[PDB]
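In what follows, a single structure is set out as C-alpha cells and then discussed.
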Amino acid sequence: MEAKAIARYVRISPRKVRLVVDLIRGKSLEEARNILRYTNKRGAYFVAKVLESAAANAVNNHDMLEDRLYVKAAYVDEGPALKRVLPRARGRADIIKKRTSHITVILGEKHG
Amino acid sequence: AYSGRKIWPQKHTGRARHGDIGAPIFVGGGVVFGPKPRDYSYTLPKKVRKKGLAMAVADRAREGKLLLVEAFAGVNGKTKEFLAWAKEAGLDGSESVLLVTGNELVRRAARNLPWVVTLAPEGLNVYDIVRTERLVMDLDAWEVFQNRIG
Amino acid sequence: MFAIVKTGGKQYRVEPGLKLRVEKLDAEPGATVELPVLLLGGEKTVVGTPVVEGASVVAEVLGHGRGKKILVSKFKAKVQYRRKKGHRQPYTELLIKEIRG
Amino acid sequence: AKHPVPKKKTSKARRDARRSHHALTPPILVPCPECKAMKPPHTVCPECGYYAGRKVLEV
Amino acid sequence: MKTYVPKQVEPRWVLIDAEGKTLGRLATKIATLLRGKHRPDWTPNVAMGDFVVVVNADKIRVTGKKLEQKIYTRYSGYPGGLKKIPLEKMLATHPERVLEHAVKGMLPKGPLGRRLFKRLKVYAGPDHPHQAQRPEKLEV
Amino acid sequence: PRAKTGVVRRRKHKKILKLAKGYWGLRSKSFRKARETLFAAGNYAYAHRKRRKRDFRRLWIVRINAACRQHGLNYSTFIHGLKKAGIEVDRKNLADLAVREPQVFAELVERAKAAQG
RNA sequence: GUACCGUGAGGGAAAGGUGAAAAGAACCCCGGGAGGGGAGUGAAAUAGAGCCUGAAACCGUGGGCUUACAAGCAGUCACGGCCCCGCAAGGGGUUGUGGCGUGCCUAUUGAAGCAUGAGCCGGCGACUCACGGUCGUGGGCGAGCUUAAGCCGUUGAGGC
RNA sequence: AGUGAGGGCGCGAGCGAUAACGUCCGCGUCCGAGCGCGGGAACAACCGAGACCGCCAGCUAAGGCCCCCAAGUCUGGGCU
RNA sequence: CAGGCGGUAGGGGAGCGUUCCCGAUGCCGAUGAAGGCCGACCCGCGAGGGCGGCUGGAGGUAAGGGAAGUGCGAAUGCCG
Ligand SMILES: [Mg+2]
Ligand SMILES: [Mg+2]
Ligand SMILES: [Mg+2]
Ligand SMILES: [Mg+2]
Ligand SMILES: [Mg+2]
Ligand SMILES: [Mg+2]
Ligand SMILES: [Mg+2]
Ligand SMILES: [Mg+2]
Ligand SMILES: [Mg+2]
Ligand SMILES: [Mg+2]
Ligand SMILES: [Mg+2]
Ligand SMILES: [Mg+2]
Ligand SMILES: [Mg+2]
Ligand SMILES: [Mg+2]
Ligand SMILES: [Mg+2]
Ligand SMILES: [Mg+2]
Ligand SMILES: [Mg+2]
Ligand SMILES: [Mg+2]
Ligand SMILES: [Mg+2]
Ligand SMILES: [Mg+2]
Ligand SMILES: [Mg+2]
Ligand SMILES: [Mg+2]
Ligand SMILES: [Mg+2]
Ligand SMILES: [Mg+2]
Ligand SMILES: [Mg+2]
Ligand SMILES: [Mg+2]
Ligand SMILES: [Mg+2]
Ligand SMILES: [Mg+2]
Ligand SMILES: [Mg+2]
Ligand SMILES: [Mg+2]
Ligand SMILES: [Mg+2]
Ligand SMILES: [Mg+2]
Ligand SMILES: [Mg+2]
Ligand SMILES: [Mg+2]
Ligand SMILES: [Mg+2]
Ligand SMILES: [Mg+2]
Ligand SMILES: [Mg+2]
Ligand SMILES: [Mg+2]
Ligand SMILES: [Mg+2]
Ligand SMILES: [Mg+2]
Ligand SMILES: [Mg+2]
Ligand SMILES: [Mg+2]
Ligand SMILES: [Mg+2]
Ligand SMILES: [Mg+2]
Ligand SMILES: [Mg+2]
Ligand SMILES: [Mg+2]
Ligand SMILES: [Mg+2]
Ligand SMILES: [Mg+2]
Ligand SMILES: [Mg+2]
Ligand SMILES: [Mg+2]
Ligand SMILES: [Mg+2]
Ligand SMILES: [Mg+2]
Ligand SMILES: [Mg+2]
Ligand SMILES: [Mg+2]
Ligand SMILES: [Mg+2]
Ligand SMILES: [Mg+2]
Ligand SMILES: [Mg+2]
Ligand SMILES: [Mg+2]
Ligand SMILES: [Mg+2]
Ligand SMILES: [Mg+2]
Ligand SMILES: [Mg+2]
Ligand SMILES: [Mg+2]
Ligand SMILES: [Mg+2]
Ligand SMILES: [Mg+2]
Ligand SMILES: [Mg+2]
Ligand SMILES: [Mg+2]
Ligand SMILES: [Mg+2]
Ligand SMILES: [Mg+2]
Ligand SMILES: [Mg+2]
Ligand SMILES: [Mg+2]
Ligand SMILES: [Mg+2]
Ligand SMILES: [Mg+2]
Ligand SMILES: [Mg+2]
Ligand SMILES: [Mg+2]
Ligand SMILES: [Mg+2]
Ligand SMILES: [Mg+2]
Ligand SMILES: [Mg+2]
Ligand SMILES: [Mg+2]
Ligand SMILES: [Mg+2]
Ligand SMILES: [Mg+2]
Ligand SMILES: [Mg+2]
Ligand SMILES: [Mg+2]
Ligand SMILES: [Mg+2]
Ligand SMILES: [Mg+2]
Ligand SMILES: [Zn+2]
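For the protein sequence lines, the chains are T, G, S, CA, K and R, in the order given.
Position 55 of the first sequence, counting from 1, maps to 55 under PDB author numbering, and the rest follow consecutively.
Numbers in PDB author numbering are just positions in the second sequence, counted from 1, shifted up by 57.
Position 32 of the third sequence, counting from 1, maps to 32 under PDB author numbering, and the rest follow consecutively.
Numbers in PDB author numbering are just positions in the fourth sequence, counted from 1, shifted up by 1.
Position 136 of the fifth sequence, counting from 1, maps to 136 under PDB author numbering, and the rest follow consecutively.
Numbers in PDB author numbering are just positions in the sixth sequence, counted from 1, shifted up by 1.
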C-alpha cells in the first residue's frame, strides 16, 4: 500500500526543483519535513506542499497511519513551457523558455 | 496565391537562399507535378469493338449461360411478377444475369434486383456482358445485336 | 575411446553418443552412414596414413536443418554501393552410435 | 575578441558528468534542548526563543 | 567442435640467472616465458604466462661498443625535456632497469602486456626474496 | 490520387533502430547515426568471418609448436615428418590431442621423427 | 483577407476531433489558490476538457550488467564472467581481456580528411502531363487501314 | 547512354636546369570503377592477387621464419 | 554435368511497398478494423510478407487486373 500526491503545472524549472527532491528521497516523513523546513532553495516550498498533501492522502484515504510514512519514491517530470520574447541588441530577439514541473511524491508505510 | 517577393535577400542572410513562398519546396507552396485535369478517353478501333462484342456474346454461348427468350408472360411492371417468371429460366439469383430487352416494363420490373442488371439493346457492351454470370436476351433485341455486328 | 573423422571439408573428434552436426549429407532423416577414421586413438592408438585402412564410424543421421541467418552486408562509401544478402546454411545432425574397430 | 563558440554539442554523458558536483547537502541541525524540535546550531530556536538556556525572544 | 579453453592456472615460478648472458637474446626468451607461449594451451587474452625471477642482472653483458655507445632516452614533458642516458651510466646506478627495460619493449603494449610485465621480478646480485614461492632454476 | 508518406517512412526507420540496439549514445537513438554505424558493422562482420578463420589456425600452430618443443623439436620440422609420413590430421585436432591427449600427440612426434629422415 | 507587420500601395499566419448521452465529477481530505488524493458518472476517465489514436527526438524514476593504470569513427570477431527465458541443447541482455578497424554525403586525378552539407527528431520535398514524333512492342484489319467535329442514345451503354 | 577535368608507375622523346609529386606527346600497365584482400610500419595506382555466400579444414603467393608478431635463434662456406 | 558471378558514370532484366479504381448489393470486422508498442518465432537472396503478446476502439479490403501527388539522409532545403 502506497499513497501518492502530484502537483502539476508548477511554474518553476525542473532542474532547480529536482535538486531538492533528491535530498528527500527515501527519507522518513518526519525526516523530510525538517530537511525541507530548512533548505535554502525556492523549490523546497513546492516540494513540501506535495509532501504534506501526500501524507494526508495517506491517512485520510489510504487507511495507513502517519508515523510510519516515508518517501518511497519521488520525481519531477517536466511539463509545458511558457515561451516569451526577450528583445536583444541590434533588434534581434530571443526566446525565454519558462519551464514548469509535475512534482510527485509517493509515501509508504514502513512494514514492521 | 502568394506574393512574388523575395522573402529575404540573396546573400549575407545566413539563411539558405529563396524566391517566393509559392515555391513548391515550401509548405503551402505549389505542387510540382500535381495532376491537372485530363481526358483519359481514346478511340478504340470501331472494328475491334464489335469483334469484342461477338467474342463475348459467343463466349457465354459456349458456357451455355446465354439464354434466348422471345416473350415474358407474367411480367408487366411489378417485380414479383418478373421474379415468378424467372423461375422458368432457372433464374433464382444463384447467378448474376444480364437482362437485355427493349420493353421498358420488363426492364423496370427487374432492375431493382441485386443479381440482375437491366439494359436496353443498344447498350450491349462487352463490360456488362462479362460481369454477369448469365445472359438473357429478347428475341428482337438479339436481332439488333446481330444486326450490329456485320 | 575416440576417433577423428572426416566428413564435409573438415575433421571432427567423435565419440559414441555424440550430438554432433556437419554439412548436408544424403541419408534420409533416420538412416545411417559409415564415416572414415583419420586416426583412431582412445585406449588404443591407430594413426591413419592418410586413412586407417579398416576402421569406420557408423553414425545416425538424425535430420537436416538450416542454420540461423547471417547478414552478409556490403557497402562502399562515396559510390553509394550497398548490397544486402541473407544466408541460412543447411546441415545435418549426426548421432554418433559406435566406432567400428 | 573574435567571439569564441562551441565546436560540438556537448554530449549527454558529458554534461551529466559535469553536474556530478551539483548535488545539495542537507542542512545540519540540532534539537533545541527545551523543545527538542529541529533547529540549526548557533541560532536561536524559532520555536521558543531560547539559546544558552535563556529565553531570548518571545516566540 | 570447439577449441579447448583452459580453466584457472597455478602459474609456475621460475628463477633464471644473468651473468654472461647477452642482454637481448636473454630477454626475448623471458618474453616468451612471460607470455607463456611455451605452454601447450597458451591463450592470447589471459594472464597465464610464468612468473620470472632474475638474479645477477648487473652481470648482463653486451657486445659491440654498446656498453656506452647506446643511449636510453626519456622525455620529461617540458621544453628541453629529453634526457639522454649512456649504458653503464644506467648500469652502475640502476642495473635493474637495463634488462628490465629491454623486455617491456618485447611485450605487447596495453592492459595485458602491462600486467604481464608485472610478473617479472629483476635483481642485481644472486639474491631474491622469493624463497617463499620457491622459484625454479629454469636453465635456459 | 495522392499517396502520402504515412506509415512507410517510419516503419523503415523502425526496422533499423532495432538492429542498432546496444550502440553508444546517438548510434542507437538517431536513425541517421544508427544506419552509418550499422554499415560499418556490416563490413566488419564479413571481413571478420574470414579473419577469424586464420586466427584459430594461428592459435593452433602456437599450441602445436609449444607442445613440440617439449619433445626437443620445433613445429616447422614436426610438420615435415607428418607430411612425408602420410598422416593427414588437421591443426584443430592436432592442437586438440595436443592439449587433451598428450600420449597420442607424443606418439605423433614419433612417426614424424622416424619419417623426416 | 483576421491577428500581426508596413507611413503606405501591400504583405499575411497559425488555430478541426471528450462522449452514444454532459451524464462535465456533488461531497470529504491536503492546499492561499493552482493542483492532487478518495467518492461518483461511463462500456472506457492510461476518454477529465491542456480531452480519440498519442509515433520520434528530448527529460526523468526504478531495476539488471557495467566502469576510477588506460588512449577512443565507438564498432566487430573470439573467449570468459554476471543477470534473466528455458527438459535439453540452447537462447536473451551486459562486457572484462584479446584480434581487427581512416564516419556519411557530395565534389573528385585523388578524402578520415585541416575541402562542401547536415544540432536531433517527425512531417512536406524533385524526371510529370498535352500535342507531335521515332524505335521496340501487345493486339485488330490487311491492298488496304482509320475516322474528326458532330448527331441519335444513355446516365458509369454505346452506336451512327 | 554516359564520357569529352584523368592520374601514377615502367619505357621512348621534346620542353625544363640529365630540377620538381613539373609539363607535353608515344607504347604499355594499374588506380579511376579494385580506398575489398596479403606484403611494403603507416602509405589510390610498388610486389602478390581480380572478393557470389557459408566453414574453429587443407596448398601456396609476395613477404618472411629472436620477442612485439604466424613460421628455423635451421644447416654448410665466406666477408664487415 | 561444365563454366560464369569486384565494380562508378551507364544499359538491360526481375521484383517489393504506398494511394486510389474494377472485383464489391461481395468478404472480413465489437468472439476487436486501421494505426501504435514489442518478439529470441515462420517465409523471402533482399526490398518485404506473415505469426504471436500488450495498446487501440471502426473500419478494412482478397485471387486477378488497372491508374498514379508512390518510397528520403543530406538541397547553408520548408514547416513544427
Ligand atoms: Mg507498497
Ligand atoms: Mg505539518
Ligand atoms: Mg484500520
Ligand atoms: Mg498576390
Ligand atoms: Mg518585382
Ligand atoms: Mg543557416
Ligand atoms: Mg515562411
Ligand atoms: Mg500532371
Ligand atoms: Mg430453369
Ligand atoms: Mg445499367
Ligand atoms: Mg529411416
Ligand atoms: Mg564401438
Ligand atoms: Mg554542493
Ligand atoms: Mg622465442
Ligand atoms: Mg662497448
Ligand atoms: Mg631552457
Ligand atoms: Mg613488478
Ligand atoms: Mg643475501
Ligand atoms: Mg596438413
Ligand atoms: Mg496596421
Ligand atoms: Mg455530440
Ligand atoms: Mg456536506
Ligand atoms: Mg480555505
Ligand atoms: Mg480540486
Ligand atoms: Mg476517482
Ligand atoms: Mg472509478
Ligand atoms: Mg479504452
Ligand atoms: Mg498502461
Ligand atoms: Mg499535449
Ligand atoms: Mg485550467
Ligand atoms: Mg529513457
Ligand atoms: Mg536510467
Ligand atoms: Mg577503455
Ligand atoms: Mg591505438
Ligand atoms: Mg550479482
Ligand atoms: Mg534479467
Ligand atoms: Mg532476459
Ligand atoms: Mg595490419
Ligand atoms: Mg570520376
Ligand atoms: Mg563548392
Ligand atoms: Mg558548418
Ligand atoms: Mg538541415
Ligand atoms: Mg541553428
Ligand atoms: Mg529535417
Ligand atoms: Mg497523329
Ligand atoms: Mg506497329
Ligand atoms: Mg496477313
Ligand atoms: Mg487474303
Ligand atoms: Mg479485299
Ligand atoms: Mg472506319
Ligand atoms: Mg440506368
Ligand atoms: Mg458515376
Ligand atoms: Mg452505329
Ligand atoms: Mg448519325
Ligand atoms: Mg552523347
Ligand atoms: Mg568532346
Ligand atoms: Mg589513360
Ligand atoms: Mg597513362
Ligand atoms: Mg641527358
Ligand atoms: Mg589499408
Ligand atoms: Mg568493400
Ligand atoms: Mg594494400
Ligand atoms: Mg583507390
Ligand atoms: Mg576484370
Ligand atoms: Mg617463397
Ligand atoms: Mg605479424
Ligand atoms: Mg647460431
Ligand atoms: Mg647462417
Ligand atoms: Mg651438413
Ligand atoms: Mg474497392
Ligand atoms: Mg464497404
Ligand atoms: Mg475469440
Ligand atoms: Mg486484442
Ligand atoms: Mg496495426
Ligand atoms: Mg502484428
Ligand atoms: Mg500463443
Ligand atoms: Mg503498460
Ligand atoms: Mg479495396
Ligand atoms: Mg494492383
Ligand atoms: Mg523508404
Ligand atoms: Mg548534408
Ligand atoms: Mg550558417
Ligand atoms: Mg552552419
Ligand atoms: Mg523557423
Ligand atoms: Zn526551543
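Where a beta carbon is used, it is the ideal one built from N, C-alpha and C, also for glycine.
For this session: Name the one or two DSSP bridge partners that residue 72 (chain K) has.
Result: Here residue 72 (chain K) is taken as the residue at index 72 of the fifth sequence, counted from 1. In DSSP, residue 72 (chain K) forms a bridge with K:85.
Exercise. Residue 64 (chain R) versus chain K: which residues are under 8 Å apart at the beta carbon?
Worked result: On the sixth sequence, position 63 is the one that residue 64 (chain R) refers to. 40, 41, 42, listed in chain order.
Exercise. How would you list, in chain order, the residues of chain R whose beta-carbon sits under 9 Å from the beta-carbon of residue 49 (chain S)?
Worked result: Position 49 of the third sequence, counting from 1, holds the residue named residue 49 (chain S). Residues of chain R passing the Cβ test: 86, 87, 88, 89, 112.
Exercise. Between the stretch 38-54 of chain T and the stretch 83-100 of chain T, are three or more C-beta pairs nearer than 8 Å?
Worked result: no
Exercise. So what does DSSP say about residue 81 (chain R), is it helix, strand or coil?
Worked result: For this step, residue 81 (chain R) is matched to residue 80 along the sixth sequence. In the structure shown, residue 81 (chain R) sits in a helix (DSSP, three-state: H, G or I).
For this session: List in chain order the residues whose CB is within less than 7 Å of at least one heavy atom of ligand 61.
Result: S:74, S:75, S:76, R:44
Exercise. So what's residue 21 (chain CA) in DSSP terms, helix, strand or just coil?
Worked result: Your numbering for residue 21 (chain CA) matches position 20 in the fourth sequence. DSSP places residue 21 (chain CA) in helix when its eight states are reduced to three.
Exercise. Residues in its own chain within less than 7 Å of residue 70 (chain K) by CB, not counting five upstream and five downstream?
Worked result: Counting from 1 along the fifth sequence, the entry for residue 70 (chain K) is found at position 70. For residue 70 (chain K), where only same-chain residues beyond five positions count, the Cβ hits under 7 Å are 87.
Exercise. Name the DSSP bridge partner or partners of residue 212 (chain G)?
Worked result: Since the displayed chain G opens at 58 and closes at 207, residue 212 (chain G) lies outside it and no answer follows.
For this session: Could you have a look at residue 60 (chain S) and say whether DSSP puts it in helix, strand or coil?
Result: Along the third sequence, read from residue 1 onward, the residue named residue 60 (chain S) stands at position 60. Three-state DSSP puts residue 60 (chain S) in a strand.
Problem set entry | Neighbour list for residue 34 (chain T) in chain CA, Cβ cutoff strictly below 7 Å | Residue 34 (chain T) sits at position 34 when you count from the first residue of the first sequence. By Cβ distance, chain CA contributes 30, 39.
Exercise. What distance in whole Å lies between the Cβ atoms of residue 30 (chain CA) and residue 34 (chain T), which are believed to be in contact at a cut-off of 8 Å?
Worked result: In the first sequence, residue 34 (chain T) corresponds to position 34, counting from 1. In the fourth sequence, residue 30 (chain CA) corresponds to position 29, counting from 1. Confirmed, Cβ separation roughly 6 Å.
Exercise. Distance, Cα to Cα, residue 5 (chain S) vs residue 80 (chain R)?
Worked result: The sequence position of residue 5 (chain S) within the third sequence is 5, counting from 1. The sequence position of residue 80 (chain R) within the sixth sequence is 79, counting from 1. Residue 5 (chain S) and residue 80 (chain R): Cα-Cα distance of roughly 20 Å.
Exercise. Does at least one heavy atom of ligand 8 sit under 6 Å from the Cβ of residue 29 (chain S)?
Worked result: Along the third sequence, read from residue 1 onward, the residue named residue 29 (chain S) stands at position 29. Checking the Cβ of residue 29 (chain S) against ligand 8 gives no.
For this session: Name the one or two DSSP bridge partners that residue 13 (chain K) has.
Result: For the purposes of this step, residue 13 (chain K) is identified with residue 13 of the fifth sequence, where counting begins at 1. According to DSSP, which records beta bridges pairwise, residue 13 (chain K) is partnered with K:51.
Problem set entry | Check whether residue 163 (chain G) and residue 129 (chain G) have beta carbons under 7 Å apart | On the second sequence, residue 163 (chain G) is found 106 positions in, with the first residue counted as 1. On the second sequence, residue 129 (chain G) is found 72 positions in, with the first residue counted as 1. For residue 163 (chain G) and residue 129 (chain G), yes; Cβs fall inside 7 Å.
Problem set entry | Inter-residue CB distance, residue 34 (chain S) and residue 1 (chain S) (contact presumed, cutoff 8 Å) | Taking the third sequence and counting its residues from 1, the one referred to as residue 34 (chain S) is at position 34. Taking the third sequence and counting its residues from 1, the one referred to as residue 1 (chain S) is at position 1. That pair is no contact at about 17 Å.
Problem set entry | Heavy atom of ligand 80 within 6 Å of residue 13 (chain R) beta-carbon | As a position in the sixth sequence, residue 13 (chain R) is number 12, starting the count at 1. For ligand 80, at least one heavy atom lies less than 6 Å from the Cβ of residue 13 (chain R).
Problem set entry | Interface residues of the stretch 8-36 of chain T facing chain CA [CB-CB below 8 Å] | 19, 20, 22, 23, 34, 35
Exercise. Would residue 37 (chain K) count as contacting chain R if we go by Cβ distances under 7 Å?
Worked result: Within the fifth sequence, residue 37 (chain K) is the residue found at index 37, counting from 1. At a cut-off of 7 Å between beta carbons, residue 37 (chain K) contacts chain R.
Exercise. Three or more beta-carbon pairs under 8 Å between the stretch 90-107 of chain R and the stretch 59-75 of chain K, yes or no?
Worked result: no
Problem set entry | Enclosing beta strand (DSSP E) for residue 34 (chain K) [first to last residue] | Here residue 34 (chain K) refers to the residue found at position 34 of the fifth sequence. Run containing residue 34 (chain K): none in the beta strand (DSSP E); it sits in the alpha helix (DSSP H), 23-35.
Exercise. Starting from residue 59 (chain T) and walking both ways along the alpha helix (DSSP H), at which residues does that stretch end?
Worked result: Along the first sequence, one-based indexing puts residue 59 (chain T) at 59. It spans 43-61 - the alpha helix (DSSP H) in which residue 59 (chain T) sits, taken as one unbroken run.
Exercise. Which residue comes first and which comes last in the alpha helix (DSSP H) that contains residue 117 (chain R)?
Worked result: Along the sixth sequence, one-based indexing puts residue 117 (chain R) at 116. Residue 117 (chain R) -> alpha helix (DSSP H) spans 103-117.
Exercise. Can you list the residues of chain R that residue 146 (chain K) reaches, using a CB-CB cut of under 8 Å?
Worked result: The structure shown does not extend to residue 146 (chain K), since chain K is modelled only from 1 to 140, so the question has no answer here.
Problem set entry | Partner residues on chain T for residue 27 (chain CA), Cβ-Cβ distance less than 7 Å | For the purposes of this step, residue 27 (chain CA) is taken as the residue at position 26 of the fourth sequence. Within 7 Å Cβ-Cβ: 23, 35.
Exercise. Cβ of residue 2 (chain R) versus every heavy atom of ligand 8: is any distance shorter than 6 Å?
Worked result: For the purposes of this step, residue 2 (chain R) is identified with residue 1 of the sixth sequence, where counting begins at 1. The answer is no for residue 2 (chain R).
For this session: Run the CB neighbour count on residue 123 (chain K), radius 10 Å, all protein chains shown included, and call it buried at 16 or more, exposed below.
Result: To locate residue 123 (chain K), count along the fifth sequence from 1; it is residue 123. So residue 123 (chain K) counts as buried.
Exercise. Are the beta-carbon atoms of residue 65 (chain R) and residue 116 (chain R) separated by less than 7 Å?
Worked result: Taking the sixth sequence and counting its residues from 1, one reaches residue 65 (chain R) at position 64. Taking the sixth sequence and counting its residues from 1, one reaches residue 116 (chain R) at position 115. Against a cut-off of 7 Å, the Cβ pair of residue 116 (chain R) and residue 65 (chain R) comes out as no contact.
Problem set entry | Members of the stretch 29-56 of chain S that neighbour chain R once the beta carbon cut-off is set at 8 Å | 38, 39, 41, 45, 47, 48, 49, 50, 51
Exercise. What is the rounded straight-line gap between the Cα of residue 105 (chain T) and the Cα of residue 38 (chain CA)?
Worked result: The count along the first sequence starts at 1 and reaches residue 105 (chain T) at position 105. The count along the fourth sequence starts at 1 and reaches residue 38 (chain CA) at position 37. The alpha-carbon atoms of residue 105 (chain T) and residue 38 (chain CA) are separated by roughly 24 Å.
Exercise. Is the Cβ-Cβ distance between residue 175 (chain G) and residue 153 (chain G) less than 7 Å?
Worked result: Taking the first residue of the second sequence as 1, we reach residue 175 (chain G) at position 118. Taking the first residue of the second sequence as 1, we reach residue 153 (chain G) at position 96. No, Cβ-Cβ distance for residue 175 (chain G) and residue 153 (chain G) is not below 7 Å.
For this session: Starting from the beta carbon of residue 71 (chain S), find every residue of chain R whose beta carbon is closer than 8 Å, and list them in chain order.
Result: Taking the first residue of the third sequence as 1, we reach residue 71 (chain S) at position 71. Within 8 Å Cβ-Cβ: 43, 46.
Problem set entry | residue 17 (chain K) versus residue 9 (chain K): straight-line alpha-carbon distance, rounded | In the fifth sequence, the residue the question calls residue 17 (chain K) occupies position 17. In the fifth sequence, the residue the question calls residue 9 (chain K) occupies position 9. Rounded to the nearest angstrom, the two C-alpha atoms are 25 Å apart.
Exercise. How should residue 41 (chain K) be labelled, buried or exposed, when 16 other C-beta atoms within 10 angstroms of its C-beta is the threshold for buried?
Worked result: The residue given as residue 41 (chain K) occupies position 41 in the fifth sequence. It is buried - the Cβ of residue 41 (chain K) has at least 16 other Cβ atoms within 10 Å.
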